[PDB]
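Residue numbers (the deposited numbering): 1 to 199. Some notes on the structure that comes next.
In structure tokens:
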């Protein structure tokens, strides 16, 4: 600490400029900035993919006096003792997970309009078979949405998924692996068709 202000990754720029600066750079780049309105809080900016940027507000605690540094930093609903661990434990997992998910064949970037036409078209080819897919949401960056259709005469169903630093969270269910998540749904779909719930 006591060096986060001049930290190597420290760069004074506006919110718009920060994204622009990272625009020419590659994915997985981050920066450290201080908010005048915060005074006791810091804001970090990072790039996800293409025209997509997100900001995270870092809150420090355990301050005994104005000259006392926050020995405890809260990030992602998690408590970290050292700043260095936060950067490494966040970028390493986020970079690998983001790259693994996007690099997944089960990843299509279709718009809301293209989603209906996509599911409807596919459903048309398979009216007697169910289908499920997921895509990136623009209204809520970082979160994933699951859409699926049982049949052409079936109503379109869409669910929401929460992204965490431990994997993927689906309606209060953590899936450490995307493969398990894919079946997880298939298993649920099978159970749903039988309306047997548990027994």
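All C-beta atoms in this analysis are idealised placements derived from N, C-alpha and C, irrespective of residue type, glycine included.
Residue span of the alpha helix (DSSP H) that contains residue i, given as start and end
i: residue 112; result: 112–125
i: residue 185; result: 178–194
i: residue 204; result: The displayed coordinates of the chain run from 1 to 199. Any statement about residue 204 would go beyond what the structure contains.
Residue range of the unbroken beta strand (DSSP E) whose run includes residue i
i: residue 174; result: 173–175
i: residue 33; result: 30–34
i: residue 20; result: From DSSP, residue 20 is part of no beta strand (DSSP E) but of the alpha helix (DSSP H) over 15–24.
i: residue 149; result: 144–149
i: residue 58; result: 53–61
i: residue 135; result: 131–136
i: residue 167; result: 167–170
i: residue 1; result: Element bounds for residue 1: n/a, residue is neither H nor E.
C-alpha gap between residue i and residue j, whole angstroms
i: residue 98; j: residue 172; result: 21 Å
i: residue 101; j: residue 66; result: 43 Å
i: residue 106; j: residue 192; result: 22 Å
i: residue 189; j: residue 174; result: 18 Å
i: residue 96; j: residue 88; result: 12 Å
i: residue 118; j: residue 157; result: 14 Å
i: residue 28; j: residue 49; result: 9 Å
i: residue 8; j: residue 86; result: 15 Å
i: residue 37; j: residue 6; result: 19 Å
i: residue 124; j: residue 71; result: 58 Å
i: residue 197; j: residue 187; result: 11 Å
i: residue 73; j: residue 56; result: 13 Å
Own chain residues within Cβ distance below 6 Å of residue i, not counting five before or after
i: residue 159; result: 146
Closest by C-alpha distance to residue i, when choosing among the options
i: residue 16; options: 45, 138, 96; result: 45
i: residue 75; options: 185, 90, 168; result: 90
i: residue 68; options: 168, 180, 2; result: 2
i: residue 200; options: 157, 194, 151, 133; result: The structure shown does not extend to residue 200, since the chain is modelled only from 1 through 199, so no value can be given for it.
i: residue 79; options: 59, 195, 36, 93; result: 59
i: residue 40; options: 55, 25, 62; result: 62
i: residue 111; options: 152, 186, 139, 77; result: 139
Residues of its chain near residue i, where Cβ-Cβ distance is below 8 Å and the 5 sequence neighbours each way are ignored
i: residue 109; result: 135, 136
i: residue 4; result: 10, 32, 42, 83
i: residue 21; result: 11, 13, 31
i: residue 19; result: 45, 47, 53
Cβ pair residue i, residue j closer than 8 Å
i: residue 130; j: residue 113; result: no
i: residue 170; j: residue 184; result: yes
i: residue 93; j: residue 165; result: yes
i: residue 161; j: residue 143; result: yes
i: residue 153; j: residue 128; result: no
Contacts around residue i, its chain only, beta-carbon distance under 7 Å, and the 5 residues preceding and following it disregarded
i: residue 103; result: none
i: residue 176; result: 167
i: residue 141; result: 48, 52, 54
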